[PDB]
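Q:
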Amino acid sequence: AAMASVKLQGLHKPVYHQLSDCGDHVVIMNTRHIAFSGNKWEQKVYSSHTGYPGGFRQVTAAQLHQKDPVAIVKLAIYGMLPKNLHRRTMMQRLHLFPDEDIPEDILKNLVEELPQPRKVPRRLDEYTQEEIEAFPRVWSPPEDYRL
Amino acid sequence: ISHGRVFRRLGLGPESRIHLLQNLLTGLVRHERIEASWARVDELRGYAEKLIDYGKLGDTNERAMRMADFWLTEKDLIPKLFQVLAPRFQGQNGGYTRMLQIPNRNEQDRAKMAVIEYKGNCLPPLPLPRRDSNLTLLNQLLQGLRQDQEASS
Amino acid sequence: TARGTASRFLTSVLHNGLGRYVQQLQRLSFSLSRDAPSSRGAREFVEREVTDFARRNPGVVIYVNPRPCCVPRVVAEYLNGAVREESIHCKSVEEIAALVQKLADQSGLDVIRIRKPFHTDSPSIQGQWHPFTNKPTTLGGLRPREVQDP
Amino acid sequence: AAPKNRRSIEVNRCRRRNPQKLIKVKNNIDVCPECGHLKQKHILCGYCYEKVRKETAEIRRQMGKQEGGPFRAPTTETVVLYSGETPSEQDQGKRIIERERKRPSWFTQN
Amino acid sequence: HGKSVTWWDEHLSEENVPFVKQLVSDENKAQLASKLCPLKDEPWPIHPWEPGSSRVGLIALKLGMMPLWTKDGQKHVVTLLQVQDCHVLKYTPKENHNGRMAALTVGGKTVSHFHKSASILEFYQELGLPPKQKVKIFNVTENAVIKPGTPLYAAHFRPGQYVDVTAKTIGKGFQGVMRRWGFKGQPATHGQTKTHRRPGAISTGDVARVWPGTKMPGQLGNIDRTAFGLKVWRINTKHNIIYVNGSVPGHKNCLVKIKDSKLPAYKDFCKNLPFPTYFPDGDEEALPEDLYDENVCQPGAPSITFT
Amino acid sequence: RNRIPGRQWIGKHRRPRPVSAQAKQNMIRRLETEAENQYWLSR
RNA sequence: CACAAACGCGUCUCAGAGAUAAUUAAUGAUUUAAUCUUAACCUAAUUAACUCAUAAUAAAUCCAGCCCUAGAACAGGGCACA
RNA sequence: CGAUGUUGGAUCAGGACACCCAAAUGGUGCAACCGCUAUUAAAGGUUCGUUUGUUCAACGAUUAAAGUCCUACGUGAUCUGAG
RNA sequence: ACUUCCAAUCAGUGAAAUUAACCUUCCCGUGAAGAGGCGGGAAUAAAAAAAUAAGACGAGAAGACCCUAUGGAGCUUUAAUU
RNA sequence: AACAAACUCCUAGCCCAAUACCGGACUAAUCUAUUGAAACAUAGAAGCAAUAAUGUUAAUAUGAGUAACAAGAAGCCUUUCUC
Ligand SMILES: [K+]
Ligand SMILES: [K+]
Ligand SMILES: [K+]
Ligand SMILES: [K+]
Ligand SMILES: [K+]
Ligand SMILES: [Mg+2]
Ligand SMILES: [Mg+2]
Ligand SMILES: [Mg+2]
Ligand SMILES: [Mg+2]
Ligand SMILES: [Mg+2]
Ligand SMILES: [Mg+2]
Ligand SMILES: [Mg+2]
Ligand SMILES: [Mg+2]
Ligand SMILES: [Mg+2]
Ligand SMILES: [Mg+2]
Ligand SMILES: [Mg+2]
Ligand SMILES: [Mg+2]
Ligand SMILES: [Mg+2]
Ligand SMILES: [Mg+2]
Ligand SMILES: [Mg+2]
Ligand SMILES: [Mg+2]
Ligand SMILES: [Mg+2]
Ligand SMILES: [Mg+2]
Ligand SMILES: [Mg+2]
Ligand SMILES: [Mg+2]
Ligand SMILES: [Mg+2]
Ligand SMILES: [Mg+2]
Ligand SMILES: [Mg+2]
Ligand SMILES: [Mg+2]
Ligand SMILES: [Mg+2]
Ligand SMILES: [Mg+2]
Ligand SMILES: [Mg+2]
Ligand SMILES: [Mg+2]
Ligand SMILES: [Mg+2]
Ligand SMILES: [Mg+2]
Ligand SMILES: [Mg+2]
Ligand SMILES: [Mg+2]
Ligand SMILES: [Mg+2]
Ligand SMILES: [Mg+2]
Ligand SMILES: [Mg+2]
Ligand SMILES: [Mg+2]
Ligand SMILES: [Mg+2]
Ligand SMILES: [Mg+2]
Ligand SMILES: [Mg+2]
Ligand SMILES: [Mg+2]
Ligand SMILES: [Mg+2]
Ligand SMILES: [Mg+2]
Ligand SMILES: [Mg+2]
Ligand SMILES: [Mg+2]
Ligand SMILES: [Mg+2]
Ligand SMILES: [Mg+2]
Ligand SMILES: [Mg+2]
Ligand SMILES: [Mg+2]
Ligand SMILES: [Mg+2]
Ligand SMILES: [Mg+2]
Ligand SMILES: [Mg+2]
Ligand SMILES: [Mg+2]
Ligand SMILES: [Mg+2]
Ligand SMILES: [Zn+2]
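Residue numbers (the authors' numbering), protein chains in the order written: chain BR, 32 to 178; chain BV, 9 to 161; chain Bs, 2A, 3 to 151; chain BH, 79 to 188; chain BM, 42 to 348; chain Be, 9 to 51.
#1: Nearest chain BV C-beta to residue 61 of chain BH closer than 9 Å, yes or no?
#2: In the DSSP assignment, the alpha helix (DSSP H) including BR:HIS117 goes from what residue to what residue?
#3: Taking C-beta pairs closer than 8 Å, name the residues in chain BR that BM:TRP222 reaches, listed in chain order.
#4: From the beta carbon of BR:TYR83, is the nearest beta carbon of chain BM less than 9 Å away?
#5: Do BV:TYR104 and BV:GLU40 have their C-beta atoms within less than 9 Å of each other?
#6: Label BM:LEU332 either buried or exposed according to how many other C-beta atoms from any shown protein chain fall within 10 Å of its C-beta, with 16 as the threshold for buried.
#7: Show which residues of chain Bs have a CB atom less than 7 Å away from the CB atom of BR:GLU143.
#8: With a CB to CB cut of under 7 Å and the five nearest residues on each side skipped, what residues in its chain are close to BM:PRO108?
#9: Between BM:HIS231 and ligand 12, is there a pair consisting of the residue's CB and a ligand heavy atom that are separated by less than 8 Å?
#10: With a cut-off of 9 Å, does the C-beta of BV:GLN151 fall near any C-beta of chain BM?
#11: Mind listing, in chain order, the residues whose beta carbon lies closer than 6 Å to a non-hydrogen atom of ligand 14?
#12: Name the DSSP bridge partner or partners of Bs:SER30?
#13: Just mark Be:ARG25 as buried or exposed, buried being the case when its beta carbon has 16 or more other beta carbons within 10 Å.
#14: If you measure from the beta carbon of residue 350 of chain BM to each beta carbon in chain BH, is any gap under 9 Å?
#15: Mind checking whether BR:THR91 and BR:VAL104 have CB atoms under 9 Å apart?
#16: Between the beta-carbon of BR:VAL57 and the beta-carbon of BR:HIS117, is there less than 9 Å?
#17: For Bs:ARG35, which option in Bs:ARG28, Bs:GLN27, Bs:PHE46 has the closest C-alpha, if you only look at C-alpha atoms?
#18: Can you grab the Cα-Cα spacing for the pair BM:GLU55 / BM:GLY291, in whole Å?
#19: Can you tell which of BM:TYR132, BM:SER66, BM:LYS173, BM:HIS231 has the C-alpha that lies nearest to the C-alpha of BM:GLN125?
#20: Would the beta-carbon of BM:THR234 be found less than 8 Å away from any heavy atom of ligand 11?
#21: Spell out a yes or no on whether the stretch 94-108 of chain BV and the stretch 121-135 of chain BV are touching, meaning 3 or more CB-CB pairs, one atom from each, closer than 8 Å.
#22: Does any residue of chain BM have a CB that is nearer than 9 Å to the CB of BV:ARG16?
#23: With three or more beta-carbon pairs closer than 8 Å as the criterion, would you say the stretch 43-60 of chain BV touches the stretch 22-30 of chain BV?
#24: Using the beta-carbon of each residue, find all residues closer than 7 Å to any heavy atom of ligand 13 and list them in chain order.
#25: Determine, using beta carbons only, whether residue 164 of chain BV and BV:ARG25 come nearer to each other than 9 Å.
#26: Would you call the stretch 197-210 of chain BM and the stretch 262-269 of chain BM in contact, with 3 or more CB pairs under 8 Å?
#27: Residues of chain BR with CB closer than 9 Å to the CB of BM:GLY254, please, in chain order.
#28: Is the separation between the beta-carbon of Bs:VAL65 and that of Bs:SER39 shorter than 9 Å?
#29: Grouping DSSP H, G and I as helix and E and B as strand, with all else coil, what is Be:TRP48?
#30: Return the first residue and the last residue of the alpha helix (DSSP H) that BV:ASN31 is part of.
#31: By DSSP's criteria, BR:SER79 is part of a beta bridge. Which residues make up the other side?
#32: Check whether the stretch 161-180 of chain BM touches the stretch 137-145 of chain BM, counting contact only when three or more Cβ pairs, one atom from each stretch, lie closer than 8 Å.
#33: The beta strand (DSSP E) with BM:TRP274 in it runs from where to where?
#34: What does BH:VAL157 touch in chain BV if you count any residue whose Cβ is under 7 Å from its own?
#35: Starting from the beta carbon of BV:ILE124, find every residue of chain BH whose beta carbon is closer than 7 Å, and list them in chain order.
#36: Taking 7 Å as the limit, name every residue whose beta carbon sits nearer than that to some heavy atom of ligand 1, in sequence order.
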């Protein structure tokens, strides 16, 4: 959301000004595979009130993502944009998709892809055998131990 | 909740409702054409239809005489009902009276007026709404369908 | 306030000062009195400074019309057509000279709020910024997730 | 209860000029074929009915003079005859109302 | 152009008004009688019953109520629902309506052409049916789709089944809080002043507002309601009358939406029922005049003896 | 839901506002300057 | 219950899946024992909420007049055979 | 203090959990039954009468239970005025 | 349940308390210690008619309770003067 | 690091906030003494300046086209009916 908020506002154009209608569309795909850091999947909660008495609902982050796949990202951006009346206008330019199923109309409008802000670590099975042999063996286990 | 209520609240109550229609009905029998408020005339139509039905029963039937005694508050109209109105209506069954909407009264209240009258009265005819003549363009086109339909079927 | 009054951009009439400088002041008309004590400043200015002022500025025409009046006035007209009324009622000699000198240096445009302290034509030297002026071009102009034709 | 503040004219104009409170136009106005005046489609012509009502009052006024008593009513049918006409064979046995004016065009003899 | 308002009877002459009525009336009978061969006009393929399948409901007219007695001596009240004119109107594909089940449109009883919209009249002209009064949407699985224009009869429901009923209830207008919600009223004589049916306190002092769920006087009655678990006792064939246990919402001579019950207990109770609907032509046999449930005391049955 | 009784900066119960890392550096920068101040006044 | 209706004292109907807290049990390492695990993987028994399946709503653009079990007004349903 | 109308009831109830009942469970000087005690859970429910202006309390009958407390000790531009 | 006077629609005449300006929301927090206006967030095309009275510390009377005033008055006497 | 004041530099100056009380310089509009004569000058005099007293008088709004008020019926027009 940090880089998506900048693009929506237009804070990347040197011609920026709040009165002007400068703003860029952002298309975010694979929003079902987001990775919350730490234990925020079970600790962070999203709460809302329906208005009627006894209508206070608190939903855990895991529960909300299991029901609405794009709700986690949309709420994160919806809270980072400026709190004026332009926030409703500039949220309409944000397109969210749970997976890589994008309509052909949207695909033909794209220009460039923003880099990922977090370098994804690779698992043990993704390391090539050349890398495994290159990394030194730190210790020498005894021959008589049973693993 | 007025579901199924076919009668109307008029005057000072159920008793005053009958008396208001009693005076209107008496005027309708004597003059054969009266004008009043549209709501009161609409109610009066129902009684004027059935009063002739009691008149057809005869001068000798006691129920008809007692029924006509109450409704005809002027006592010189009972012979008229059994000897003029009743003999005149022998053919038709329910086509006794006509109701038309007179324009609003030229007064402050601006009530919705109606004119109620008996068939065959000795008065100038009302300006009834006349339908389009068969020579009109729309009617002539439709008559073409009927002539062709009757030619084959 | 700024929202109450009108505004204009910094503009020079007839592109003045580009090829040559032309004094935009055109004429002055002094309406003073010969007996009114309030016209003393105007009378002293006419006797002493008017003759020298005309020599320094040959492009203006000075009219002096001594007539019965209570409030002396000086009317200045400019080339673009703007006429500015002024009152020299009960002022010292040096105040009149300062006031008249200021009217000689004004371009004649309306004295209202100027939106910007600069004016320029064709400021986009070596190009103006557009969202494609700093984005590298991809081989074949392919979209981020576009499949190649072959 | 009492109002808390004075209603501004901006609010009053919105309420006093709402489309509900405005007068609606009427699209059921037509010209009467007989007299050329104005009437509504579902309402009898005002001019034509007033023409009839004036004549009906004259006929009824003549009937009053033919029955002096307040409780005198005919026991037979009634027929109205104008100047230059005589009762027919089918019209015999009925009371006769005589009017001096010529028979009106709209009124039709049988 | 301030064009004047018009109606069908405005410009028609006295010699053509009876003719036009005959013209439209003859068209309706020809159109209705030409649809009485659903299996002879190239119908859509029919699939065998499968678990979890849903059938198509009907639109019927509520006549009244009758008492009915069972073989154990108990008394039940049944509501006479008559199917007058029921035809499937249009079929919506699965992916264009909900994404899970297809939608089948069913019309109500026949109405006059002269009082319907231009688009509504044009829509029925293409299909070839007289206009209907009420139109409802039914959720039907893909294995029970019916070709539009296929008539439906009261035999679609076999006695012994549990059905639902959806119709607009009786509208009581703007009714007070005592009638609408059932609040108790204030006492009548112990000094009470101008307070006998008012709601009373509507909130608390601290909140300084009225909660959105607060009960207040307002409209009562004219809304859509559904009755579940109504058992079908008797089916009449020639008159197309359905008998349903209990009371169905809606006033007399109203149109009622009938469907198979969706209660969890009454699931998959359609294997022994016509699928996708009862076609009288295919059977080539005459059904009984009345279909009775096994527990119903028939009018021509010997009197109950508890021996 | 949780309120600070009375005024939030006076009284027995106050706001738990902690000292920040920026505030520590400001104190040290002033201390270093004053440490040099008392050396030039020494002799 | 002196309206063709309203009404109760009368009659009718009332539901599946997920998901959990304390707690209980299996496999097992830091600690080659054991050990329900703010150790991993898989898996089991298990409050109420809650969420959802499902059901209700569905036709853009006749509408002067009359009727209506529709209604404060405005709207709504009928007016071909009745 | 150029006014924030004051006890109890009537109507309508919003909320908390330090739970009276309903559901799950640990311990016992827990055999079963009836109990005592602790953990978890607030969607629903928590009676009708005699005396007192009474809240409170006593008493009769009953219920799965007749919970504690906040809400201007809720609620008089909705009512009551016994105190 | 049903009537009458009110009531709602149409036609005529047409008043009162009140009113700093209002383009007059909800929640938590703050604050002259109970916020439509402050702060942090939520909600948000604009108007009309008919209803219920939680809030605007609602409207009405320069608080009758309480205290103050070297401000009054009525009543009583074993106050002072007479 | 950066971003950040009524602070402090930079370019011009007419070159440093405020409640009670106190000091000073100017000044709107009247009348008079002399000037002035498309509306002023130097002086001498005062009924010498109103966004605020539940202010006074008069006129306007808002509340509001809201609260509330009235004529028994028909006809042949003033005669018969209903109370
Ligand atoms: K404090
Ligand atoms: K362990
Ligand atoms: K007080
Ligand atoms: K509770
Ligand atoms: K209120
Ligand atoms: Mg009615
Ligand atoms: Mg009346
Ligand atoms: Mg009628
Ligand atoms: Mg109704
Ligand atoms: Mg009661
Ligand atoms: Mg009273
Ligand atoms: Mg009373
Ligand atoms: Mg609030
Ligand atoms: Mg309503
Ligand atoms: Mg505080
Ligand atoms: Mg502190
Ligand atoms: Mg082990
Ligand atoms: Mg759902
Ligand atoms: Mg309609
Ligand atoms: Mg006050
Ligand atoms: Mg209470
Ligand atoms: Mg409650
Ligand atoms: Mg607990
Ligand atoms: Mg329990
Ligand atoms: Mg209280
Ligand atoms: Mg009270
Ligand atoms: Mg009161
Ligand atoms: Mg109150
Ligand atoms: Mg008392
Ligand atoms: Mg009016
Ligand atoms: Mg607003
Ligand atoms: Mg607050
Ligand atoms: Mg804010
Ligand atoms: Mg705010
Ligand atoms: Mg009103
Ligand atoms: Mg109201
Ligand atoms: Mg306020
Ligand atoms: Mg209050
Ligand atoms: Mg007050
Ligand atoms: Mg006072
Ligand atoms: Mg006192
Ligand atoms: Mg003292
Ligand atoms: Mg004293
Ligand atoms: Mg004194
Ligand atoms: Mg005295
Ligand atoms: Mg003494
Ligand atoms: Mg700065
Ligand atoms: Mg100072
Ligand atoms: Mg002070
Ligand atoms: Mg002077
Ligand atoms: Mg003065
Ligand atoms: Mg003034
Ligand atoms: Mg006042
Ligand atoms: Mg004043
Ligand atoms: Mg005046
Ligand atoms: Mg007004
Ligand atoms: Mg009002
Ligand atoms: Mg009124
Ligand atoms: Zn005419």
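We treat Cβ as the ideally placed atom computed from N, Cα and C, and that holds for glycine.
A: Let's see:
#1: Any property of residue 61 of chain BH remains undetermined from this structure, which presents chain BH solely from 79 to 188.
#2: Run containing BR:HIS117: 117-122, per the alpha helix (DSSP H) assignment.
#3: Chain-order list of chain BR residues neighbouring BM:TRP222: empty, with the shortest C-beta distance near 15 Å, by a criterion of under 8 Å.
#4: True, the Cβ-Cβ gap to chain BM drops below 9 Å.
#5: No, Cβ-Cβ distance for BV:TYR104 and BV:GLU40 is not below 9 Å.
#6: By the neighbour-count definition (other C-beta atoms within 10 Å, threshold 16), BM:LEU332 is a buried residue.
#7: Within chain Bs, the residues near BR:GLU143 are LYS136, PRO145.
#8: Here the set comprises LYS116, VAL118.
#9: Incorrect: BM:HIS231 has no Cβ contact closer than 8 Å to ligand 12.
#10: For BV:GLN151, the answer is yes, since a Cβ of chain BM falls inside 9 Å of its Cβ.
#11: Checking every Cβ against the heavy atoms of ligand 14 under 6 Å gives BM:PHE215, BM:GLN260.
#12: Answer is Bs:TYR64, Bs:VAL76, bridged to Bs:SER30.
#13: It counts as exposed.
#14: This structure cannot speak to residue 350 of chain BM, because chain BM is shown only from 42 to 348.
#15: Result no, Cβ atoms of BR:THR91 and BR:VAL104 do not sit closer than 9 Å.
#16: Contact flag unset, no.
#17: Looking only at Bs:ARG28, Bs:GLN27, Bs:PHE46, the smallest Cα-Cα distance to Bs:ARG35 is reached by Bs:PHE46.
#18: Computed Cα separation, rounded: 40 Å.
#19: Answer by Cα proximity: BM:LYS173.
#20: Using a cutoff of 8 Å, the CB of BM:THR234 counts as near ligand 11, since one of the ligand's heavy atoms is closer than that.
#21: Yes: the two stretches touch, three or more of their Cβ pairs being nearer than 8 Å.
#22: By this cut-off, BV:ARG16 is not an interface position.
#23: Counting Cβ pairs under 8 Å, three or more are found: they touch.
#24: In chain order, the hits are BM:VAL248, BM:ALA249, BM:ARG250.
#25: The structure shown does not extend to residue 164 of chain BV, since chain BV spans only 9 to 161, so no value can be given for it.
#26: With the cut-off at 8 Å, the stretch 197-210 of chain BM and the stretch 262-269 of chain BM touch.
#27: For BM:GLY254, the chain BR residues whose C-beta falls within less than 9 Å of its own C-beta are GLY82, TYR83, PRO84, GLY85, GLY86, listed in chain order.
#28: For Bs:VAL65 and Bs:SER39, no; Cβs fall outside 9 Å.
#29: Three-state result, Be:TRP48: helix.
#30: That run of the alpha helix (DSSP H) goes 22-39.
#31: In the DSSP output, where bridge partners are listed per residue, BR:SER79 has BR:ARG88.
#32: Segments in contact, yes.
#33: For BM:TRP274, the enclosing beta strand (DSSP E) has its first and last residue at 265-277.
#34: Neighbourhood of BH:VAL157 in chain BV, by CB distance below 7 Å: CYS130, in chain order.
#35: Ordered by position in chain BH, no residue passes the 7 Å Cβ test against BV:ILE124, which lies about 13 Å from the chain.
#36: Working through the chain, the matches are Be:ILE12, Be:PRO13, Be:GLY14, Be:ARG15, Be:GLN16, Be:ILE18, Be:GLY19, Be:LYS20, Be:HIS21, Be:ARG22.
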